[PDB]
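Chains as they are written, first to last, in the working numbering: chain A, 2 to 55; chain B, 33 to 175; chain C, 250 to 303; chain D, 122 to 309; chain E, 151 to 684; chain F, 7 to 108; chain G, 3 to 191; chain H, 1132 to 1256. A virtual CB, placed ideally from N, CA and C, is assigned to each residue, including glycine.
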Ligand SMILES: CC(C)=CCC/C(C)=C/CC/C(C)=C/CC/C(C)=C\CC/C(C)=C/CC/C(C)=C/CC/C(C)=C/CC/C(C)=C/CC/C(C)=C/CC1=C(C)C(=O)c2ccccc2C1=O
Ligand SMILES: CC(C)=CCC/C(C)=C/CC/C(C)=C/CC/C(C)=C\CC/C(C)=C\CC/C(C)=C/CC/C(C)=C/CC/C(C)=C/CC/C(C)=C/CC1=C(C)C(=O)c2ccccc2C1=O
Ligand SMILES: CCCCCCCCCCCCCCCC(=O)O[C@H](COC(=O)CCCCCCC[C@@H](C)CCCCCCCCC)COP(=O)(O)O[C@H]1[C@H](O)[C@H](O)[C@@H](O)[C@@H](O)[C@@H]1O
Ligand SMILES: CCCCCCCCCCCCCCCC(=O)O[C@H](COC(=O)CCCCCCC[C@@H](C)CCCCCCCCC)COP(=O)(O)O[C@H]1[C@H](O)[C@H](O)[C@@H](O)[C@@H](O)[C@@H]1O
Ligand code: HEC
Ligand code: HEM
Ligand code: HEM
Ligand SMILES: CCCCCCCCCCCCCC(=O)O[C@H](COC(=O)CCCCCCCCCCC)COP(=O)(O)O
Ligand SMILES: CCCCCCCCCCCCCC(=O)O[C@H](COC(=O)CCCCCCCCCCC)COP(=O)(O)O
Ligand SMILES: CCCCCCCCCCCCCC(=O)O[C@H](COC(=O)CCCCCCCCCCC)COP(=O)(O)O
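So, in structure tokens, the structure goes:
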């Protein structure tokens, strides 16, 4: 129903841009866990970092 | 990190509860605007989403029980407590960019469905991943 | 057998690396975590090449 | 058009594509029967029985295998009319503006016959008066022999020719020898 | 009884003194200094496989009925050239293997010369006193291309025949001497009886003689002016640091020679090239899609596609649209041959250069090179844009316009990017000399500052910041593993270690050896400083 | 290191014997589309390539692996004698040519 | 002296393995929906007759035992033993490549009956799941070989030890996915 | 310092190593020759104008670029003050140093403030 070659490029491009999101989530999740300043507990970090955590 | 492990139980229990309600409400409710029967897609996905949260939660829980009271987890810590060394962070590398270029080659390989392009892209990706890992290991030139 | 490059640690109430815990906040140094940097320019064995053109 | 999965058209562009067939064999023949009732033209080629000829249209003198004397003649016919739009061995070729002559690997022999009997889009029509039955069968013999015969020597690089042999060497061949040179020599 | 063989050889030719100097010549060891050898070895394979190939080949145009080994072509009227080329590959045991070896060797030959020319260009090895080598080499590449062209046009198949048709019709269209030249080359209208005989003799004798002569002159002239080298440690413009001819250079040359020979011998079997049986005999009326020449000839064919219809119709005369193509191809060659001279004109550098220079330190030339590479690649791609269009689903008209416009915009972007990247590479070099190697060990000071540990490659003062070293023309290390700080300190196999005594004893000797090696380079520099003082 | 070199040497010998055996005994004559033993034929040239490649390539690897494991480590420095020649000879070659012309 | 902070690389890899579970959630969803549709007609049972359950057992144990050996290889990395790591990793490479060859042979022995990708919905679903898993296993084997190259080139420091511990995590995950996938396909049919 | 062939080492660090930067006149000459070629592509056999609109757009971009390259335009410094920004010639006090060692910004804190920062009022002077 969609014989065009553009649709395959769409699929593959979507897939690739989705790898970058997991690649970014991996180190945006473990930076919070591991690398924090002395005194910066989980409940001291700003709302922005909580949102990126979730 | 102690409180990071605990907060995952929230979503875990939530997803686990929904994955039960979904299954039982799809197979035993006739609405008239749908057909009776287990969904089989929203059930697997919700069960395994609970699984993901549980996995991460449990791993962080086991990890946090062997860890000392870290200055970042201490309320009244001084800046001079973490006075030692942090880890080793990569200063620079070209291999991320090339590695992305390699994934972009087998991408087009699969798009056009060219066997040679897929094969080359696969070997190109292996090569770049290998170089990325063996970046800081390349021995001094044995002349 | 214990590797020469393995950090000299007491094998009692202490272990340098396991499955899930470590001694640093981040990746362990690939040139030995017990290696003190920087060192004198002599130890590097780098020979600055005096060159003159023309 | 229907069996080869070319119809129905999903979007207007430079050229309609072969894709997955929408209808089966029987359904195709039913649609064909209905269409031919509105004034008929070229019909399907049959054999001794009322069955669609497939492996029987692989040469004039075909019995159980392709005669080497059929591929010789079919080759020259193929080269004269269709080697231009297609490749030498029907690998495909480009046309004016987004159009192309497709690779011939995917078509069965009935589809070949009906392709040159009708003229799909930009393909000219080759009536039975122009290219006789025997000539058409010889063309099919050559097509199906060049497809199904492995290269005598090597891995035929898609049979494209000087452009594919030059990419294997100039980009991949030299790289291996550079890697060998980088291994023997020094980096300083 | 070998000393008596030496005694006889010396008593006659007084050869002891003149060969001591031959076996003691030192050659710089660099992976890029082996690229010319690939061309040499490929050329040797071509001569050997070519001679074998002429024992079965009849270069005649006389039509015959084929009744040979290839049954799918039995009964067709073909030339003697095509029939015998079909007999090499279908009636001679291992004839197809040798034919494919020959063609693969041709491809490798041309690409080896191209890559070698690129090495010469980028590193600046064409400068005084090595311009003669540049001109000789440029003539070598053009003749190599011409040789390959007349080689693939020998079988007289349909694909190669169209190449000859194109070539003949290019010549015939020349402004004044265009139709008179065509009759002098082909011996009449195309095709002609003597054409494949003039092509055969030019291919087996005329060009290879000239080529061998030029190559021999090339090698002798290189051997006479020792070699260039990169400005490393202890290396000046009045010395060569490397390895002597024997026992180390001679053996390495043979090993790499065998490597190339073995690789060509693998390709000759495992991949198909020029499957002439698929194509039929040459016929002026039939043609195929694409029908491109060999990869080295694609740039010329790509030039003809992207040139618009610009015919000049004078009074009762015609300049064909192809003529401008010749003009363009005439410019590209002249620009390439007389490069050292235009280099010198615009730079005003007329010194004796024995030390190479890294591409990153000559951004204008590097950028011009990448600009020219993009030009050549666009010509090559657009010469074969029919196969690109079909396989990659792009408009053929769009491909033509990409070629046309890309030849203006492609080179410009290539220059800009390459220049900026060269300066970037220069900057990264200076950072290391000024501040030291970035360890990557980020540590937190008591105050809370994150600082990265820097490893200085020179002496420091007494306030942290070490006195930066000036650029010395050589590669400066940027990783800490490049100083051997990640070196494996276990000796042994894969499953078992070595005894301790044999292990610690071995680390001591390797440590002493590497220290003394660095000391040689240090001492070299010191002597060189005092030498350059005078 | 001796076992590393000997591996490539033995492998090269096997490759050489393979090439000789395949060149002589392997079915090499042309077989058409339908003919039985088409597979045995279309694999003749590939087999020649595989075996000859193995023989020569392995010998090459063995030779290179010897120089970087057994031949000692050498840095040699040679003095360059190039550029313009000595003036003594310079004015001696132009005076001789001038004498021959005059 | 030094505190006992979490392993940063281990935490990173566990977070990566979590996302790799959801990739198989999609495949399992596709399989179960197709299975429901197949059982509605009663045509599922006919397609399942192409399964070699005994052959899929000994392959499974070949994978499972591989995980065992892998763990031994990691037990040697916690202490400084470079040779203990080197031995067990080689055994696991061999034992994993045997799985891949085994699975490949099953594929070649499954086209002989009529279990093809485009032969049925069952065939499509069978090959998608086990095919992706096969790709993951190949990637795991290549991870092992690259870590074996790292152990050969660098000096065996806790940094290199960590690199081996995480690849073991990947291997365990892939084996666990196989265990869950074999029960679904072969036991439950 | 150390200017070679008109190009400064400050911008191009390897100034005395090779060819380093051309003249503004050769870049302009090449650009205008290219513009001539791009305009000259409009004469030949083609009926379509989807390639004409492609030529004219690129030519326009090239002409705009060459004009920017010729009449080198510069802008002024925005000499403004937004919110709590200080005018140029202000020194920023080391806040963290003033926090650690009571001195400056954290100089005049009373006992009440001292107790608020969990600092017993006894460690005076
Ligand atoms: C020490 C050493 C081995 C150094 C390396 C020198 C070396 C190999 C240099 C490369 C050779 C050169 C210079 C090649 C030129 C390259 C080039 C421009 C073109 C390619 C040449 C080419 C197309 C060849 C193919 C056909 C062709 C035209 C061949 C030449 C035909 C001729 C004239 C052959 C005879 C000349 C010849 C081989 C001489 C050997 C040299 C010697 C020692 C000659 C001594 C000599 C004798 C003995 C006489 O009797 C004599 C009588 C009358 C006049 C002169 C001489 C004379 O010079
Ligand atoms: C080196 C190698 C390929 C080893 C593999 C073993 C091998 C030779 C296998 C093949 C066995 C063969 C050839 C069997 C057939 C024997 C037979 C009947 C005939 C052989 C004759 C033949 C093939 C061709 C005709 C004549 C011939 C050898 C022509 C090509 C050689 C030429 C043009 C040499 C130039 C002459 C000359 C004055 C050279 C100057 C001095 C030398 C030694 C130059 C060559 C040279 C070499 C060899 C370098 O490696 C090199 C590396 C780095 C920088 C420079 C050079 C360099 O200049
Ligand atoms: C001058 C060449 C130098 C050769 C270099 C040495 C290499 C050694 C290995 C040689 C490979 C052996 C190939 C033998 C080939 C074979 O098997 O021959 C057949 C029947 O042989 C037999 O039983 C007996 C064969 C005895 C001959 C073997 C000679 C090798 C030794 C003894 C000579 C020493 C060499 C000295 C070295 C000197 C070096 C000089 C450079 C004829 O049957 P036929 O029906 O005519 O079929 C034809 C195809 O065979 C044929 O190839 C052809 O291509 C087809 O067209 C077809 O006609
Ligand atoms: C190494 C990286 C390589 C990256 C290169 C990527 C750049 C490629 C751009 C591709 C643009 C193609 C757009 C297609 C446009 C198209 O198809 O139009 C054709 C005419 O093509 C044109 O003029 C377009 C040519 C202009 C292209 C300019 C390319 C210059 C590049 C080199 C520079 C830009 C990118 C730089 C990237 C560098 C990277 C560093 C930053 C004529 O149409 P036509 O075949 O006649 O068909 C229709 C009937 O069917 C139908 O009836 C209809 O009615 C008819 O009207 C007719 O249209
Ligand atoms: C443009 C000139 C042109 C010539 C001459 C030509 N073809 Fe084609 N051919 C085409 C084009 C364009 C198509 C695609 C039309 C379509 O699929 O709608 C095509 C389609 C076909 C198809 C359907 C292809 C497929 O993959 O199913 C076959 C079979 C075919 N051609 C065979 C032939 C044979 C056999 C001859 C001559 C003896 C021939 N063609 C001559 C252009 C040509
Ligand atoms: C027929 C192909 C060629 C062969 C067989 C060949 C062979 C060689 C060899 C063996 C060397 C010495 C080793 C080396 O530096 O790599 C060399 C050097 C050189 N070649 Fe070539 N060459 C060829 C083509 C060319 C071309 C096309 C050019 C130039 C356009 C060229 C210019 C040079 C220069 C300048 C050197 C000197 C390198 C140096 O001394 O620093 N050569 N060539
Ligand atoms: C610069 C070196 C050479 C190059 C680049 C070269 C290139 C080529 C090429 C590309 C072909 C086409 C091969 C094919 O049809 O598959 C060919 C064929 C041929 N070459 Fe060469 N060649 C070279 C040297 C020689 C020499 C020295 C000879 C003879 C003494 C020779 C004899 C032949 C013959 C007879 C053919 C025709 C046989 C055939 O077409 O299969 N070649 N050459
Ligand atoms: C350096 C410049 C080269 C000049 C080329 C001009 C540009 C046009 C190129 C057209 C490309 C056509 C591609 C194509 O149609 O694909 C195929 C046809 O040609 C080829 O097979 C390309 C072979 C190229 C060499 C790759 C070898 C990989 C093995 C590497 C191991 C070391 C068709 O797809 P397929 O083969 O069925 O997978
Ligand atoms: C995104 C990563 C890309 C990975 C590249 C791997 C590409 C594998 C292509 C396999 C094609 C074989 C199909 C075929 O025609 O043979 C068919 C049989 O195939 C099988 O049963 C085994 C296929 C193995 C499953 C691999 C699934 C991998 C999923 C990748 C998602 C793109 C036979 O077709 P036929 O009858 O000849 O028409
Ligand atoms: C068909 C599309 C045509 C494209 C039109 C573009 C042409 C623009 C012409 C501009 C002329 C500039 C003249 C000038 O100012 O002189 C100089 C241009 O630079 C050159 O010397 C040109 C060298 C080109 C040789 C390239 C071949 C070498 C690479 C081969 C590597 C394998 C400028 O020098 P200057 O800045 O004044 O110091």
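{"Asked": "Quick one: using the 10 Å Cβ neighbour count with 16 as the cut-off for buried, is residue 30/G buried or exposed?", "Found": "buried"}
{"Asked": "With DSSP as the reference, please indicate the residues paired to residue 215/D in a beta bridge.", "Found": "221/D"}
{"Asked": "Hey, does residue 5/A have any beta-carbon neighbour from chain J nearer than 9 angstroms?", "Found": "Chain labels in this structure do not include chain J; the protein chains are A, B, C, D, E, F, G and H."}
{"Asked": "Identify the contact partners of residue 303/C in chain E, using a Cβ-Cβ distance below 7 angstroms as the criterion.", "Found": "501"}
{"Asked": "Considering only C-alpha positions, which residue in the set 89/B, 125/B and 150/B is nearest to residue 141/B?", "Found": "150/B"}
{"Asked": "Buried or exposed: residue 510/E, going by 16 or more other Cβ atoms within 10 Å of its Cβ?", "Found": "buried"}
{"Asked": "Report the residue from 475/E, 445/E and 351/E whose alpha carbon sits nearest the alpha carbon of residue 292/D.", "Found": "445/E"}
{"Asked": "Would you call the CB atoms of residue 97/G and residue 71/G closer than 9 angstroms?", "Found": "yes"}
{"Asked": "Looking at chain E, is there any beta carbon in it that lies within less than 9 angstroms of the beta carbon of residue 22/F?", "Found": "no"}
{"Asked": "Among 375/E, 280/E, 409/E and 207/E, which residue has its Cα nearest to the Cα of residue 191/E?", "Found": "409/E"}
{"Asked": "Answer with yes or no whether the minimum CB distance from residue 8/F to chain D is below 9 angstroms.", "Found": "no"}
{"Asked": "Using the C-alpha atoms, what's the distance from residue 624/E back to residue 587/E?", "Found": "16 angstroms"}
{"Asked": "Assign residue 471/E to one of three DSSP states: helix, strand, or coil.", "Found": "coil"}
{"Asked": "Quick one, which residues of the stretch 368–400 of chain E are near chain G if we go by CB-CB under 9 angstroms, in chain order?", "Found": "none"}
{"Asked": "Roughly how many angstroms lie between the CA atoms of residue 89/G and residue 483/E, to the nearest whole one?", "Found": "60 angstroms"}
{"Asked": "Flag residue 29/F as yes when its Cβ comes closer than 8 angstroms to any non-hydrogen atom of ligand 3, and as no otherwise.", "Found": "yes"}
{"Asked": "What residues in its chain sit with their C-beta under 6 angstroms from that of residue 123/G, if we drop five residues either side in the sequence?", "Found": "36"}
{"Asked": "Using 8 angstroms as the Cβ pair cut-off and three pairs as the minimum, do the stretch 249–265 of chain D and the stretch 195–210 of chain D touch?", "Found": "yes"}
{"Asked": "Per DSSP, residue 51/B forms a beta bridge with which residues?", "Found": "For residue 51/B, which the question treats as bridged, DSSP gives no partner whatsoever."}
{"Asked": "Just tell me which of 611/E, 594/E and 615/E has its CA closest to the CA of residue 604/E.", "Found": "615/E"}
{"Asked": "Does the beta-carbon distance from residue 248/E to residue 199/E come in below 9 angstroms?", "Found": "yes"}
{"Asked": "What residue range is occupied by the uninterrupted alpha helix (DSSP H) comprising residue 83/F?", "Found": "Not the alpha helix (DSSP H): residue 83/F falls in the beta strand (DSSP E), residues 82–85."}
{"Asked": "Is the distance from the Cβ of residue 7/G to the Cβ of residue 270/C below 9 angstroms?", "Found": "yes"}
{"Asked": "How about residue 1206/H: is its Cβ closer than 8 angstroms to a heavy atom in ligand 6?", "Found": "no"}
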